[PDB]
Amino acid sequence: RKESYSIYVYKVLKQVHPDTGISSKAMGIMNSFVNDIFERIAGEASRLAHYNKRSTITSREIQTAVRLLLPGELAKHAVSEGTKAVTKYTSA
Amino acid sequence: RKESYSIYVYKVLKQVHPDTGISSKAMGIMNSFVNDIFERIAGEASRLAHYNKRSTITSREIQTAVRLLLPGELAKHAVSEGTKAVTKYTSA
Amino acid sequence: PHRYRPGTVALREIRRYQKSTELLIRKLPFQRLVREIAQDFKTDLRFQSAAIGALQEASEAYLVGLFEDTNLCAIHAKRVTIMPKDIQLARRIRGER
Amino acid sequence: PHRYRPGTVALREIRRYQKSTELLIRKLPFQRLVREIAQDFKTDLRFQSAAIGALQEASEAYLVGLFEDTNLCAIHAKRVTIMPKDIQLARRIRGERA
Amino acid sequence: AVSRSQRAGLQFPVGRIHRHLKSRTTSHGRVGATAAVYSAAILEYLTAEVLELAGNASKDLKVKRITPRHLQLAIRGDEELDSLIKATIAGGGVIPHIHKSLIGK
Amino acid sequence: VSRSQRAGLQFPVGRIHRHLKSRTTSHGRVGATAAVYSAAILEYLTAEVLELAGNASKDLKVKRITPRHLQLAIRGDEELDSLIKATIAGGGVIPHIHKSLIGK
Amino acid sequence: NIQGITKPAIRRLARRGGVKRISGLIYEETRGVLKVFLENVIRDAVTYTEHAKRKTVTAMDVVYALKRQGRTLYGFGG
Amino acid sequence: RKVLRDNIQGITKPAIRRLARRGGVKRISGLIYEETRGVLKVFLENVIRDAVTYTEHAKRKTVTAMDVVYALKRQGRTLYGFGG
DNA sequence: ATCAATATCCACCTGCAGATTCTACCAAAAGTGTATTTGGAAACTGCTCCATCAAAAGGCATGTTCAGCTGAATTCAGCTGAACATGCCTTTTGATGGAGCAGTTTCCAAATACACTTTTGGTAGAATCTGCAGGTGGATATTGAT
DNA sequence: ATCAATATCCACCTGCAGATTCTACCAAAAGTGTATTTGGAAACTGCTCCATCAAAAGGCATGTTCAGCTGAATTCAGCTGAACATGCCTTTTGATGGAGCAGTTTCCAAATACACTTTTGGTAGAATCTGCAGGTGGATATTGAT
């Protein structure tokens, strides 16, 4: 009944570190973490669209929101991944 | 075209200080103050609604938001004024 | 007979406690305190153990971080001993005032 | 010939400036500083005059507020002269970076 | 024909504030009839509190018109407004203060 | 045929869209790719934290990442540290002792 | 009750904080501060509790309260 | 145009002394003036970078006072008196 | 830096149990396919307001000199806070069983959203009042030499 | 103590810049209808809390001793504040052209909105296993003392 990002955090753990496990208290941290960045990114994106008298939060809002929220370098790569995932997904 | 809170700030001014004017820069400040506090209330109130899986923002949300944002004495008095106006309004 | 010099054990405890991560306030006295404070706001309250545990975590994280900034103010004054004026200055520059 | 003792004019100036509200940095050089920094981010930018007005008010608000904290750190060290290490202690505790 | 502001005994505009609540939240978001009223009420009360103290300040300086300096004096001088309003008032200056150590022995 | 798999992501694009839709606004709408983009950067960031956190645990020859390892990873990295000024429950602090406090 | 936050405990907290030597007056100072801390957080937590018409302060009510004082905590539901 | 450089030195020693005076500072060490310039520059970079990010997003070439007011709110240095 | 004798700390290896991970089914999303809406990018365009330029003039920045007094260095001794091994009161913990009461769920009255067609309040410039910004000139400190 | 030298008031004064009023369309607030939910409102679970008891086991409180640190007092090199002369560069007044906001319009590519089909992720019990926390004993760090 109560959803979580546990499943997906563990999946990501197994790519960068197939060897490694994660304790449940640590998994709690990653959860709080993913919820927090999600809510920051989401908040800034809504704000952006409102400042510009728009209504649809597009990936353009998200991207700018990332430039505003993430320290450069974390932001560079985060812009890559998103641009990647998006082009690859619009290829049918 | 561009709305403002000026004629209302001015009305309230005449009530407390019938003799006193307000330079336009001071009114600019007052406008920023009203829009600010409005955003904090509305923000806190929408978040309150979210934490309780409710989709409507009622006077009951606003009242909690005010208890959370306003310190001590300002809160007691703002709650009385809000309660008073609501029960006056709900008298058809 | 054996004694360590003033400061030697102190530095040992710094090293030990900066190494560990357990709560350093005792659970029960802390629970007593949280409940007493809460009673002044709403009566016959009940607390999730998770909520008491969050409060303690936040509290100790807060105090430990405040002791870091207090030490900096003490060192600023060519001391080695923190004093309440060190806590006062830190809280002032922090805006907790 | 008449000389005020070291520090007397200084207290006059605190009283003067704490009483006034005008900007204390000259406008033109500050406008220049803003356009220099802005340009090292994106070429061919313009500025509404109120945008530079906003930056200057915030900038002086920030600096005045930081000298208050800086001053508390100097006094805490039982000094009367603010120094770079005071500004550094202020900013460390403020959570600002460095 | 009467306005909702009037119906609540308020100067602040209830309709407009009801219309900004709809505008900003949530998605599937609903705003009650009395959420707007309650909001106009506390916006108006706070405006009154600030203008009450600001006005006193400018009477203490024998001038008729409130300026940002007066707003700043009022807010910094009131323990609770000072805590509520951690914003920068353009044009405001600061509250005159000189630490004792600095005053010439 | 799911949108996460289409975008080449581990993170749940569908769910992220349903959450975004619930953020803004009455009026509000949410682009197709916005959900994808968001999910993309949430995944990247947790990979970055788990990467470093993994190293911290290997450098202690343990298999399971704990909150200590997340704390050491995050505080020991300039940018993650800037980004995350949250409190990591049970992570403790980075060992550090001021020069002036060491014995002579 | 505040006195139940004992001196060796305050000692331990300071040690984690890098403190070598502690003035004898720090202990009463530290409790006053910890007390202002908990009062500010709990008041907000209880306000979230009452809003939800509950008699039980949940961990989420504290996590939300901490987020409002700008003391975000990871590990307890957000 | 003309090349812009060394404009931080346009924040003169007397301007910094005046700002310190409003901040209640009585005596100033000679090394304060270059510290202050350094700190002002980091302040302005951060605010202008964010402001310009708002400009670029909205596809404008002109930084508005709204861009600056939003940038400051992000940095937790909320400003009143320009906001419309 | 060696002599000694503490104690501390640091590997290496060890054994269970508290947590983790792997296994097996049921609903609420997540994905499809259709049918509308619609918001926001076009493509013109009216028209602020932003970048320049010019030009005159005094409000200030710059640079130097001179020495007052502040910060930094040094010495000292009173006494505050660290270390210690003692003695006991409080926290820890771990089931038990009762129970308060979060969290469901099922049900409809009130409260909300729409929606076409009213009426009015407030914004944008014109039109008039008028505070107050500093200009000036002497009475009241305030400061610093003697 | 007194002057002497400046700085600071504090009140009075007059048209200018900026404020308070005055006047017209447009968006928006209002009163009608009808159609849809929302989230109390009751009534009953099961969690999961509080309140027990009851050891043994810590971890705290207590008092003594003195190392060593903080604060006070003293000295002095020289950094920094005050004042002055000089003149540049900011300010201010006012134009010019036009770049580029921002106000209208059309109108597809992109969304919401169903209604069904099909999948996955959450829960609750199985099935190992990481590593806590315990042992040893080797080397280290600390402190007294030819």
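Note that we place each Cβ from the backbone using ideal geometry, even for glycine, and neighbour counts take in every protein chain shown. Just so you know, all these numbers are worked out from the coordinates, no wet-lab data involved.
Look at the alpha carbon pairs under 8 Å that are at least 6 residues apart: their mean separation over the length of chain H gives a relative contact order of 20 percent. Taking the number of Cβ atoms within 10 Å of each Cβ as an exposure proxy, the fewest-first ranking of F:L60, E:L53 is F:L60, E:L53.
Seen from all directions on average, chain D presents a Cα convex hull projection of 9.3 nm². Note on region E:65-85 and region A:27-56: Cα centroid distance 33 Å, given to the nearest whole angstrom.
The magnitude of the dipole of chain C, with charges of +1 and -1 set on the Cβ of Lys/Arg and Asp/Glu and taken from the Cα centre, is near 460 debye.
Spatial offset of region D:45-72 relative to region D:1-39 amounts to 13 Å, using the alpha carbon center of each.
A Cα-only calculation for chain H places Rg and Dmax at 15.7, 47 Å. Considering all C-alpha pairs of the protein assembly as shown, those separated by over 50 Å amount to 15%. About its Cα centre, chain F has a charge dipole of approximately 400 debye under the convention of +1 per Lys or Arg Cβ and -1 per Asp or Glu Cβ, with nothing else charged.
Return one number: the angle in degrees, 0 to 90 and rounded to the nearest 10, between the long axis of the Cα atoms of helix B:24-50 and the longest principal axis of the Cα atoms of chain B. Long axis of B:24-50 versus the principal axis of chain B: about 0 degrees.
Karplus-based coupling profile of region E:58-70, in residue order and whole Hz: 6, 7, 4, 10, 5, 10, 9, 10, 4, 10, x, 4, 6, with θ = phi - 60° in 6.51 cos²θ - 1.76 cosθ + 1.60 and x standing for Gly or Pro. Here the relative contact order of chain D, from alpha carbon pairs under 8 Å that lie six or more residues apart, stands at 17 percent. Residues B:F38, A:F33 in ascending order of nearby Cβ atoms (within 10 Å, fewest first): B:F38, A:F33.
Between G:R12, G:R31, G:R68, the GNM of chain G built on Cα springs shorter than 10 angstrom shows G:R12 fluctuating the most. Using C-alpha pairs under 8 Å with a sequence gap of at least 6, the mean separation divided by the residue count of chain B gives a relative contact order of 18 percent.
Amide H contacts of H:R27 (H built 1.01 Å from N, in plane; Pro and chain starts excluded): D:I82 sit under 5 Å, all sequence-distant by 5 or more or on other chains. Exactly which trypsin sites (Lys or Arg not before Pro) in chain D are in a DSSP loop and have at most 10 other Cβ atoms within 10 Å? Listed in order of number, the matching sites are D:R3, D:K78.
Restricting the calculation to alpha carbons of chain F gives Rg and Dmax of 19.2, 69 angstrom. Quick one: which of E:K59/H:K26; B:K76/E:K100; C:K85/H:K26; G:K35/G:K67; C:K27/G:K7; D:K19/H:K13 span more than 26 angstrom between C-alpha atoms? Going by Cα-Cα distance, E:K59/H:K26; B:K76/E:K100 fall outside the 26 Å limit. Helix screen, chain D: DSSP H segments with Cα axial length of 15 Å or more and mean Kyte-Doolittle hydropathy at least 0.0 are D:49-76. Once the Cα atoms are used to define both axes, helix H:32-57 deviates from the longest principal axis of chain H by about 0 degrees. Here is the P(r) of chain B: all C-alpha pair distances, binned every 5 Å from 0, give 3, 11, 16, 18, 21, 17, 9, 4, 1, 0 in whole percents. Footprinting exposure proxy ranking of B:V86, H:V63, fewest other C-beta atoms within 10 angstrom first, gives B:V86, H:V63.
Annotation for region C:1-49: chymotrypsin sites (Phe, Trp or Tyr not before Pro) lying in DSSP loop with at most 13 further Cβ atoms inside 10 Å of their Cβ are C:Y4.
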